[PDB]
Structure formats: structure tokens, C-alpha cells
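Quick notes on the structure that follows.
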Amino acid sequence: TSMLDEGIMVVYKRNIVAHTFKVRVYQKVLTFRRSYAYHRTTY
Amino acid sequence: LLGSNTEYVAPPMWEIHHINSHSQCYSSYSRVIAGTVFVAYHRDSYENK
Ligand SMILES: *[C@@H]1O[C@H](CO)[C@@H](O)[C@H](O)[C@H]1NC(C)=O
């Protein structure tokens, strides 16, 4: 007593590259130096 | 008790050369900003030991 579909395949990832976008940051920088004064040698 | 600024500063190159050829630093920092030079000493009124 003697005695399989075929096709075309496209595979896809889950994508992991996190989304970039630029951001504008507005801010001010106040700096306070302080000094002493005697003769000609500022401390 | 009042404030406490503390700033971290690079020595001058002549001093770098001193440091690593003698194992010692000078007890004074000096930096010029705008016109005049400014200067700090270790304990107050100290010299440049
Ligand atoms: C301390 O001494 C060094 C060399 O002896 C000198 O270059 C420096 O200007 C001095 N700092 C002072 C006098 O404040």
C-alpha cells in the first residue's frame, strides 16, 4: 500500500529605535563673584 | 552660621610642574579676571609658603 502551500513572505520587526525630537530650553545664568580691596591686592 | 561657596580650580602650569616634581603646592591661588588679579590665601593673612 503506497502513498505544502507555496508563497511569498515578508517579515517585520517590533522596532525599538526610540523617537528623537529636539527641545528648546530657555534659561538665565546669574553669577555672583565677590571681592575685597586693600592697597593693590584684590582678595 | 552663613553661606559657603566652594569652587574647584585648576592650578597654573608652573605650579603643576612644582607639584609633581616636589610633592607640594603653594598656599595661594591667583587668577586674573577682567583687569586686576585676585588672590586667595590658606589660613587668613598667610604668606605664600
Ligand atoms: C607664590 O609663589 C610663586 C612662586 O614662588 C609665585 O609665582 C606666585 O605668584 C606667588 N603668589 C603670590 C605672591 O600670591
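Residues are named by chain letter and number: chains run A, B, ... in the order of the C-alpha cells, numbers start at 1 in each chain, and ligands are numbered from 1 in the order shown.
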
If we count only C-alpha atoms, which residues of chain A reach to within 10 Å of chain B? Please list them as a PDB file with C-alpha atoms, in the first residue's frame.
ATOM      1  CA  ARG A  33      31.661  86.839  42.415  1.00  0.00           C
ATOM      2  CA  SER A  35      35.935  90.533  46.401  1.00  0.00           C
ATOM      3  CA  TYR A  36      37.842  92.598  48.974  1.00  0.00           C
ATOM      4  CA  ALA A  37      40.062  95.631  48.293  1.00  0.00           C
ATOM      5  CA  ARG A  40      46.539  96.901  45.146  1.00  0.00           C
ATOM      6  CA  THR A  41      45.835  93.281  46.117  1.00  0.00           C
ATOM      7  CA  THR A  42      42.177  92.457  45.476  1.00  0.00           C
ATOM      8  CA  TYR A  43      41.136  89.435  47.551  1.00  0.00           C
TER       9      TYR A  43
END

Within 12 Å of ligand 1, counting only C-alpha atoms and all ligand atoms, residues as a VMD selection string: (chain A and resid 41 to 43) or (chain B and resid 11 to 19 25 to 32 37 to 42 45 to 49)

Selected residues, N, CA, C and O atoms, written as a tab-separated table (two decimals), in the first residue's frame, please.
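Written file, out-v3.tsv:
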chain	number	residue	atom	x	y	z
A	41	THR	N	46.15	94.71	46.13
A	41	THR	CA	45.84	93.28	46.12
A	41	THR	C	44.36	93.01	46.39
A	41	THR	O	43.94	92.96	47.55
A	42	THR	N	43.58	92.82	45.33
A	42	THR	CA	42.18	92.46	45.48
A	42	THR	C	42.04	91.00	45.92
A	42	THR	O	42.56	90.09	45.27
A	43	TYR	N	41.35	90.78	47.04
A	43	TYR	CA	41.14	89.44	47.55
A	43	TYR	C	39.97	88.74	46.86
A	43	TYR	O	38.93	89.35	46.62
B	11	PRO	N	45.24	74.43	38.94
B	11	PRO	CA	46.44	75.19	39.27
B	11	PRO	C	47.06	75.78	38.00
B	11	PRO	O	46.67	75.38	36.90
B	12	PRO	N	47.99	76.73	38.14
B	12	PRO	CA	48.72	77.25	36.99
B	12	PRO	C	49.78	76.24	36.59
B	12	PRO	O	50.16	75.44	37.44
B	13	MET	N	50.25	76.28	35.35
B	13	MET	CA	51.14	75.23	34.87
B	13	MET	C	52.49	75.20	35.60
B	13	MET	O	53.05	74.12	35.84
B	14	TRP	N	53.01	76.37	35.96
B	14	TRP	CA	54.26	76.43	36.72
B	14	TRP	C	54.09	75.68	38.03
B	14	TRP	O	55.02	75.06	38.54
B	15	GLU	N	52.88	75.75	38.58
B	15	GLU	CA	52.60	75.06	39.83
B	15	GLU	C	52.43	73.57	39.59
B	15	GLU	O	52.91	72.79	40.40
B	16	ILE	N	51.76	73.19	38.50
B	16	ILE	CA	51.67	71.77	38.14
B	16	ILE	C	53.06	71.17	38.18
B	16	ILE	O	53.28	70.13	38.81
B	17	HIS	N	54.02	71.86	37.55
B	17	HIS	CA	55.39	71.37	37.46
B	17	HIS	C	56.02	71.29	38.84
B	17	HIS	O	56.77	70.36	39.13
B	18	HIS	N	55.70	72.25	39.69
B	18	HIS	CA	56.17	72.17	41.06
B	18	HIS	C	55.57	70.95	41.74
B	18	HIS	O	56.31	70.12	42.25
B	19	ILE	N	54.23	70.85	41.73
B	19	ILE	CA	53.52	69.77	42.43
B	19	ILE	C	54.18	68.43	42.23
B	19	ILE	O	54.52	67.73	43.18
B	25	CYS	N	52.32	71.97	47.07
B	25	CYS	CA	51.62	73.08	46.41
B	25	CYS	C	51.84	74.40	47.15
B	25	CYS	O	52.19	74.40	48.33
B	26	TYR	N	51.63	75.52	46.46
B	26	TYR	CA	51.71	76.81	47.12
B	26	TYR	C	50.38	77.19	47.75
B	26	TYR	O	49.32	76.90	47.20
B	27	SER	N	50.46	77.83	48.92
B	27	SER	CA	49.27	78.15	49.70
B	27	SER	C	48.61	79.44	49.23
B	27	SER	O	48.24	80.29	50.04
B	28	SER	N	48.47	79.59	47.91
B	28	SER	CA	47.79	80.74	47.34
B	28	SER	C	47.31	80.45	45.92
B	28	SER	O	48.07	79.96	45.08
B	29	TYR	N	46.04	80.75	45.65
B	29	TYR	CA	45.55	80.74	44.28
B	29	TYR	C	45.46	82.17	43.78
B	29	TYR	O	45.11	83.08	44.53
B	30	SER	N	45.79	82.37	42.51
B	30	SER	CA	45.66	83.68	41.88
B	30	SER	C	45.11	83.53	40.48
B	30	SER	O	45.66	82.78	39.67
B	31	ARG	N	44.02	84.23	40.20
B	31	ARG	CA	43.52	84.30	38.83
B	31	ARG	C	43.13	85.73	38.50
B	31	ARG	O	42.56	86.44	39.33
B	32	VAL	N	43.46	86.15	37.28
B	32	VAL	CA	43.08	87.46	36.79
B	32	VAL	C	41.72	87.36	36.11
B	32	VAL	O	41.49	86.46	35.30
B	37	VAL	N	44.24	91.27	39.11
B	37	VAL	CA	44.35	89.88	39.55
B	37	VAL	C	43.76	89.76	40.95
B	37	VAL	O	43.84	90.68	41.76
B	38	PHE	N	43.13	88.62	41.20
B	38	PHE	CA	42.58	88.33	42.51
B	38	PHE	C	43.43	87.23	43.11
B	38	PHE	O	44.23	86.61	42.42
B	39	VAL	N	43.27	86.99	44.41
B	39	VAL	CA	44.17	86.09	45.10
B	39	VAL	C	43.58	85.62	46.42
B	39	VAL	O	42.97	86.40	47.16
B	40	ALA	N	43.73	84.33	46.70
B	40	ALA	CA	43.29	83.78	47.97
B	40	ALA	C	44.45	83.10	48.70
B	40	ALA	O	45.37	82.59	48.07
B	41	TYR	N	44.39	83.12	50.03
B	41	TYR	CA	45.43	82.54	50.87
B	41	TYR	C	44.80	81.50	51.80
B	41	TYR	O	43.61	81.58	52.06
B	42	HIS	N	45.59	80.54	52.29
B	42	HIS	CA	45.02	79.42	53.04
B	42	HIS	C	44.38	79.85	54.36
B	42	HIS	O	43.21	80.16	54.41
B	45	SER	N	45.49	85.91	56.08
B	45	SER	CA	46.71	86.71	56.22
B	45	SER	C	48.01	85.92	56.07
B	45	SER	O	49.08	86.42	56.38
B	46	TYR	N	47.91	84.68	55.59
B	46	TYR	CA	49.10	83.85	55.45
B	46	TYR	C	50.01	84.38	54.36
B	46	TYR	O	49.66	85.30	53.63
B	47	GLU	N	51.20	83.79	54.27
B	47	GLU	CA	52.12	84.11	53.20
B	47	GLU	C	52.01	83.04	52.12
B	47	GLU	O	51.03	82.29	52.06
B	48	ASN	N	53.03	82.97	51.28
B	48	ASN	CA	52.98	82.16	50.08
B	48	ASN	C	53.75	80.86	50.26
B	48	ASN	O	54.31	80.33	49.30
B	49	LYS	N	53.77	80.35	51.49
B	49	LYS	CA	54.57	79.17	51.84
B	49	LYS	C	54.20	77.92	51.04
B	49	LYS	O	53.12	77.82	50.48

Every residue of chain B that DSSP places in strand (DSSP E), as a list in words: residues 28, 29, 30, 31, 32, 37, 38, 39, 40 and 41 of chain B

For the residues in the current selection, export N, CA and C atoms as a PDB file, in the first residue's frame.
ATOM      1  N   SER B  28      48.471  79.586  47.912  1.00  0.00           N
ATOM      2  CA  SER B  28      47.786  80.735  47.335  1.00  0.00           C
ATOM      3  C   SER B  28      47.308  80.449  45.920  1.00  0.00           C
ATOM      4  N   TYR B  29      46.043  80.752  45.653  1.00  0.00           N
ATOM      5  CA  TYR B  29      45.546  80.739  44.284  1.00  0.00           C
ATOM      6  C   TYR B  29      45.455  82.170  43.778  1.00  0.00           C
ATOM      7  N   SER B  30      45.790  82.369  42.508  1.00  0.00           N
ATOM      8  CA  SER B  30      45.661  83.677  41.883  1.00  0.00           C
ATOM      9  C   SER B  30      45.114  83.527  40.478  1.00  0.00           C
ATOM     10  N   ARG B  31      44.021  84.226  40.196  1.00  0.00           N
ATOM     11  CA  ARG B  31      43.521  84.302  38.833  1.00  0.00           C
ATOM     12  C   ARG B  31      43.130  85.731  38.497  1.00  0.00           C
ATOM     13  N   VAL B  32      43.463  86.149  37.283  1.00  0.00           N
ATOM     14  CA  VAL B  32      43.077  87.460  36.793  1.00  0.00           C
ATOM     15  C   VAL B  32      41.723  87.363  36.106  1.00  0.00           C
ATOM     16  N   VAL B  37      44.244  91.266  39.107  1.00  0.00           N
ATOM     17  CA  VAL B  37      44.351  89.885  39.551  1.00  0.00           C
ATOM     18  C   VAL B  37      43.758  89.761  40.948  1.00  0.00           C
ATOM     19  N   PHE B  38      43.126  88.623  41.202  1.00  0.00           N
ATOM     20  CA  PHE B  38      42.577  88.327  42.512  1.00  0.00           C
ATOM     21  C   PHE B  38      43.427  87.227  43.113  1.00  0.00           C
ATOM     22  N   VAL B  39      43.267  86.988  44.406  1.00  0.00           N
ATOM     23  CA  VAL B  39      44.172  86.092  45.099  1.00  0.00           C
ATOM     24  C   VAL B  39      43.576  85.622  46.421  1.00  0.00           C
ATOM     25  N   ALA B  40      43.728  84.332  46.701  1.00  0.00           N
ATOM     26  CA  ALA B  40      43.288  83.775  47.971  1.00  0.00           C
ATOM     27  C   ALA B  40      44.449  83.104  48.699  1.00  0.00           C
ATOM     28  N   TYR B  41      44.391  83.119  50.027  1.00  0.00           N
ATOM     29  CA  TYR B  41      45.430  82.536  50.867  1.00  0.00           C
ATOM     30  C   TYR B  41      44.803  81.500  51.797  1.00  0.00           C
TER      31      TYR B  41
END

Residue list (helix (DSSP H, G or I), DSSP) for chain B, as number ranges by chain: B: 13-22

Length of the CA of residue 44 in chain B to CA of residue 7 in chain B vector [Å]: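 According to the coordinates, CA of residue 44 in chain B and CA of residue 7 in chain B are separated by 17.6 Å.
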